[PDB]
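J.: Sharing a structure below in structure tokens format, with a few things to ask.
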Number of protein chains: 2
Amino acid sequence: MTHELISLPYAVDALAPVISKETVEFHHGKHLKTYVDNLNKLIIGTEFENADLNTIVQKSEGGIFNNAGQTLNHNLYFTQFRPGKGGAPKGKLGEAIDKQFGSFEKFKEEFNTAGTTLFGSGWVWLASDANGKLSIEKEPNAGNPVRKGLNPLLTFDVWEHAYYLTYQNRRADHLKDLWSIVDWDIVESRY
Amino acid sequence: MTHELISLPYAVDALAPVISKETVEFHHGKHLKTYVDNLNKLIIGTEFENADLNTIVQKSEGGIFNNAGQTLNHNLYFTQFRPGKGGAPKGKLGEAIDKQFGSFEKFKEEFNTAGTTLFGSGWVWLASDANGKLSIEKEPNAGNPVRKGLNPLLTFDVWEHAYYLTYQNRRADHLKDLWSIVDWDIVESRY
Ligand SMILES: [Mn+2]
Ligand SMILES: [Mn+2]
């Protein structure tokens, strides 16, 4: 199979200033393209030749896993954002967040803290199990909740390339701004 | 024990375009300052409290190690560069490199590759053991050779903050460009 560089569901400048047009150009256009290209090369001659991305992330290791995990993480990351959105979650997800974290505000506080305290490169993930129980997962480097059987709902990329051009070392400030571009309709759909 | 922010032996714009003025300001002025302040705040209460940098690094763990290792990594990193240096190593080191890697060009190729293939944040290190044996070590996140009892000679920081402002995703190009600002006279002295 040939894994693809996903086409974005919005214009490249649609998430500015939180994820600037320049950041989308390098993050999506260069980093993700590299992950996809490396993944396509590394799976040739392995048991993942004809596997779907999800299967490769659940089973692979080493370099293959690093590129697979990164491809999946970015695919979910870019597709969960939209301009003119943000706001608070609703429906079952909104109620699940309220019941399990107390309030949306408290949830954001814990999520931001998990993202800020993750040392080095990685991802902070909001994930659910088969019963709807939510958890905040800290995933170093290429980690993804799917490697644990969990459902990936919302992720903040804390690899420095996700925010350095606009925020430099201010990771916390970037995380606080990400909430403004989250499309909760999309996250809710994953739940 | 409570350390400080080392002084740069050159002007902040002296390494352009390899390490830009803004990068030095953020890398040295913000990132390293934070590692230093965090280290000072963490010595209190433990055993490594009162211990010189090298010892803290080889003896500490968790957050204390994370900040001591990064402080030591950066101190060695910033001081090994100089505008107008570069070139090739001489003396015992230059000979050790040819004998152990074949040639300086080959060593650089190996070094560059180790840096480019280190997944996530980290450091590529040229280290020496007690018998003078040289090795290229990939140190993820805050790793440093001093932790294995080795002599840290030369390091390229591959945390993205070290190059993103100028090179964005082009890590490989950044590593190729770093050779022009390495002060082999300083590296030799550590060997
Ligand atoms: Mn990313
Ligand atoms: Mn650094």
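Identifiers for the structure tokens are assigned positionally: chains receive A, B, ... in sequence, residues are indexed from 1 per chain, and ligands are indexed from 1 in the order shown.
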Got a sec to pull out which chain B residues are within 6 Å of chain A, counting only C-alpha atoms, and send them as JSON, numbers by chain?
T.: {"B": [120, 121, 141, 160]}
J.: Next, the residues of the selection above should be written as a PDB file, in the first residue's frame with N, CA, C and O atoms.
T.:
```pdb
ATOM      1  N   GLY B 120      13.627  11.934  17.582  1.00  0.00           N
ATOM      2  CA  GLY B 120      13.120  12.797  18.639  1.00  0.00           C
ATOM      3  C   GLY B 120      14.192  13.771  19.103  1.00  0.00           C
ATOM      4  O   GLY B 120      15.103  14.108  18.336  1.00  0.00           O
ATOM      5  N   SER B 121      14.096  14.206  20.354  1.00  0.00           N
ATOM      6  CA  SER B 121      15.088  15.126  20.885  1.00  0.00           C
ATOM      7  C   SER B 121      16.282  14.399  21.445  1.00  0.00           C
ATOM      8  O   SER B 121      16.191  13.274  21.991  1.00  0.00           O
ATOM      9  N   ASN B 141      17.040  12.707  24.575  1.00  0.00           N
ATOM     10  CA  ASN B 141      16.656  13.756  25.523  1.00  0.00           C
ATOM     11  C   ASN B 141      17.797  14.429  26.284  1.00  0.00           C
ATOM     12  O   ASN B 141      18.490  15.246  25.702  1.00  0.00           O
ATOM     13  N   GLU B 160      14.962  20.096  18.477  1.00  0.00           N
ATOM     14  CA  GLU B 160      14.621  21.002  17.397  1.00  0.00           C
ATOM     15  C   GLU B 160      14.852  22.476  17.676  1.00  0.00           C
ATOM     16  O   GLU B 160      15.095  23.243  16.740  1.00  0.00           O
TER      17      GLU B 160
END
```
J.: Going by DSSP on the backbone, which residues of region 20-144 of chain B come out as alpha helix (DSSP H)? List them as a ChimeraX atom specification.
T.: /B:21-26,33-43,53-59,62-79,91-101,104-116
J.: Taking into account only C-alpha atoms, which residue in the set B:28, B:3, B:190, B:148 is nearest to residue 40 (chain B)?
T.: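 Between B:28, B:3, B:190, B:148, the residue approaching residue 40 (chain B) most closely is B:3.
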J.: Can you pull out the residues contacting residue 81 (chain B)? Cut-off 7 Å, using only C-alpha atoms, and skip same-chain residues under 6 positions away; I want them as an MDAnalysis selection string.
T.: chainID B and resid 181:183
J.: I'd like the contact shell of residue 24 (chain A) - 10 Å cut-off, only C-alpha atoms, skipping same-chain residues fewer than 2 positions apart - returned as a list in words.
T.: residues 8, 11, 12, 13, 14, 15, 16, 19, 20, 21, 22, 26, 27, 28, 29, 30, 31, 78 and 162 of chain A
J.: Can you pull out every residue from chain B that DSSP, working from the backbone, puts in strand (DSSP E), and format the result as an NGL selection string?
T.: :B and (122-128 or 134-140 or 151-157)
J.: Export, as a compact mmCIF listing (two decimals), in the first residue's frame, the selected residues with C-alpha atoms.
T.:
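Done, and the output landed in selection.txt:
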```txt
# COMPACT_ATOMS: atom_id res chain seq x y z
CA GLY B 122 18.61 14.44 21.92
CA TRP B 123 22.30 14.76 21.29
CA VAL B 124 24.87 13.09 19.12
CA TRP B 125 28.11 12.76 21.08
CA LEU B 126 31.74 11.95 20.27
CA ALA B 127 33.08 10.41 23.51
CA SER B 128 36.30 8.84 24.76
CA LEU B 134 36.41 6.94 20.67
CA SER B 135 32.72 6.33 20.15
CA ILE B 136 29.75 8.05 18.55
CA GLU B 137 26.83 7.91 21.00
CA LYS B 138 23.21 8.82 20.36
CA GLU B 139 21.91 10.32 23.60
CA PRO B 140 18.13 10.74 23.70
CA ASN B 151 34.75 11.75 28.30
CA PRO B 152 32.37 14.11 26.41
CA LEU B 153 34.31 15.62 23.52
CA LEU B 154 31.99 17.01 20.88
CA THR B 155 28.22 17.25 20.64
CA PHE B 156 25.55 18.36 18.23
CA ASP B 157 22.23 19.26 19.82
```
J.: Please provide as a PyMOL selection string all residues within 12 Å of region 94-96 of chain B, with the sequence filter that same-chain residues fewer than 4 positions apart are discarded (counting only C-alpha atoms).
T.: chain B and resi 87-90+100-105+107+126-128+131-135+184-185+187-189+191
J.: Of the candidates B:17, B:86, B:143, B:45, which shows the shortest atom-to-atom distance to ligand 2, using only C-alpha atoms and all ligand atoms?
T.: B:143
J.: Can you work out the spacing between CA of residue 64 (chain A) and CA of residue 50 (chain A) in Å, to one decimal?
T.: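 Taking CA of residue 64 (chain A) and CA of residue 50 (chain A), their separation equals 13.6 Å.
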